[PDB]
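One chain follows as structure tokens, the form deposited in one PDB entry.
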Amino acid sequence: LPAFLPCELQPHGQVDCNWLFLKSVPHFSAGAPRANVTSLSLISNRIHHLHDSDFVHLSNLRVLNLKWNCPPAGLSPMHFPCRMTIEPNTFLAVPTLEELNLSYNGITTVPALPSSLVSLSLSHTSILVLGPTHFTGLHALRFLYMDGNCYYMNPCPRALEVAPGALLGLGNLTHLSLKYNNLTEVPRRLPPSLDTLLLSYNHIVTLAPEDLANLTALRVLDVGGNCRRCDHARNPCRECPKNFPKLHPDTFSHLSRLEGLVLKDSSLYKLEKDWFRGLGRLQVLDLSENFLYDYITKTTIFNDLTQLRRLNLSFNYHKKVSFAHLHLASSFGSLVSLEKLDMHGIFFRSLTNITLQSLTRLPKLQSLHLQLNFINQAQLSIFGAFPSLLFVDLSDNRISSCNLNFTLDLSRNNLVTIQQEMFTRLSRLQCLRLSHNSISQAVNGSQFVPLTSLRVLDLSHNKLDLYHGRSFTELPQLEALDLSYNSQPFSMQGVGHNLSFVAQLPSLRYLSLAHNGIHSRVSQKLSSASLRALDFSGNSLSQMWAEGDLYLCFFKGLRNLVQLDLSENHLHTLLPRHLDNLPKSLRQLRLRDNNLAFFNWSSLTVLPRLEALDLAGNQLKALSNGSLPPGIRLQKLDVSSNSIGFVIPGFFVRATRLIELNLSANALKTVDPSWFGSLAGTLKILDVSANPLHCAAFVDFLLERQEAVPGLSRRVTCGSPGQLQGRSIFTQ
């Protein structure tokens, strides 16, 4: 048997008891190797009471997760109140414990904890008071999280109280988080060891040097969202009061090690120069959701922030307005360490050579985020002069892998016809995203002429008219072309289309024609020497193959094709005819979510290199009508989510090379070894879950091959008899 039923043993002594609806902590059998357990996860069970005996026998337990077990009223889906009781020696009985998560539990005080504890989450609990006695002897504690104990989702009448010097005994505390606690001031006398202090979304409306006293090791400080602009809030929000916030000039001046500072959503119309005196080595500055729209056009403060790597200016928009132009201050020219600049959501209508003048010669600038700005005029040629750009986001505007390569995102804009003069000075560009535009154009080879280095072009969710024979031929390096969800042209009854351009793309490897509703009046034969993968899912190959033999050889000419996706093609039948005229190079064939109630298994002989077959989500009633044929090179077979009620003995036997097999979500009543014969030893994945198994033969088979059966402990389920229906096969 598996050792820790009803939970699952994972590698490295990791026990998973998540989502088992347990009312108390399982102590397991004494025959189980309890000392081997280093991690115990009990996420989202119904344990409302913990006891001295619950973890004592787990001699080497290091991580313990009791999250979501007894959620407070506001966080409960049904608003059920919950109070969790904990006996005094519950966690003291585990002197090896290093990581404890008690979040989303209705506890009202901190329990007694062992001196070994390194990490502690008390977030989203009912603890309203922290004090000196609560953290006695916890000298190893590095991380303390207690977010969300007083806000709209987990309310309290007043606020979280952190007693002065309550945490001061925690000598090794580096990370402290106290967000969403209704705090009106920074807690007094925090540990000097802190490098990360997070106080965001409280109402700390004034600051001063004494509020951050003796915190000279501080590397990251988040005091953002403490007096907010609720015109931008998606959640409940109190408006920043008039004449606030009030930050004393010298508030941050003693924080010499500070790398990151978050001042987002603090209703700031300007910055004080004094705040950043002594923060010359600041690397990250978040100024998002403020009112700095005018400040950034004229400020001189970036001359003193020369080490800055990331600068977030996003959603610094003026209420009720967008600007005609937005010209950045000259001082941005001094940010020579700058790698990432976020300018999304400022709202401005024109992007010109003046806009980003100051940034043009910054030697290390890689990312530039200009999305969601209502830009309707964009001079795209400006980006050619930049020395180091890898990513420009101009998505979600009104203009009319690709990791580590120069990529331009123009998705979700109002482009209707592409003109080549758009792309002048962008010959270095390797990836271009034009998805979710409105491009309806008989594209013909004169649209992308300047893009001589382009390897990836995403034109999904457009209305492109595939007709002219030289489409995309002006892109010599083009390797990947996404033309999915351009269905509207293919729904024009009586107006046909031409896909002969595919043959003229000499280095194309990936093509998607997915979800186009291709059903009639189209080229009879696709061809390509280069193409490796074609996604043709979400079309009507059914209708096409019903038009006599017009489309019998539609894929034939893709003579080096390795992957073909024919999922969601309304296919009720699939003949030897059709499979024989697929390219003989084919290794992976996907046929998910078709209408196949029958499949001639002997016809798989015609696909000599087929390794992976996906028939998931069809309506097969059985695995019979001839077995899998001899000499087949098949490795993966997915027949899950069918209605398979029985399997002929010796069905899988002849598939020597078979490795993965998914029989899940079927109508199987048993799991018989005669189906696989010799394959039972060779198989590495045998999914048999979500089947109505008759629980009274199969248990000894599954236990013998238990390493190959995923979710054996919990997911492999009985269908009969009642009393065991829907429950694990090991409940008896």
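Under this definition, the rigid core comprises the largest set of C-alpha atoms superposing within 1.5 Å between the forms. Start at 1 with the first residue shown and count on from there.
- In this entry, no coordinate-free residues of the deposited sequence separate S542 from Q543.
- In this entry, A30 and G31 are joined directly, with no residue of the deposited sequence lacking coordinates between them.
- Look at the C-alpha B-factors of 133-141 and of 572-580. On average they run higher in 133-141.
- Stretches 231-239 and 658-666 differ in mean CA B factor, with 658-666 having the higher one.
- The maximum CA B-factor among the listed residues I47, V63, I43, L702, taken from the PDB record, is found at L702.
- Take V392, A159, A616, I399 and read off each C-alpha B-factor from the entry; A159 has the highest.
- The deposited CA B-factor of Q635 belongs to the highest third of values across its chain.
- Placement of the Cα temperature factor of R521 within the chain: lowest third of the modelled residues, per the deposited record.
- The deposited CA B-factor of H694 belongs to the highest third of values across its chain.
- Ranked within its chain, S253 lands in the highest third, by CA B factor from the PDB record.
- In the PDB entry, a CA B factor belonging to the highest third of its chain's modelled residues is recorded for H57.
Keep in mind the form deposited in another entry is missing from the figure; the text below concerns it.
- Rigid core superposed between the shown form and the other one, residues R657, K340, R455, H515 considered: the one with a C-alpha shift of 2 Å or more is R657.
- Residue displacement note: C70 has its CA displaced by under 2 Å between the shown form and the other one (rigid core superposed).
- Once both forms are fitted on their rigid core, the CA atom of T670 lies 2 Å or more apart between the shown form and the other one.
- When two forms of a protein are overlaid on their rigid core, residues whose CA moves 2 Å or more are considered shifted, and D687 is one of them between the shown form and the other one.
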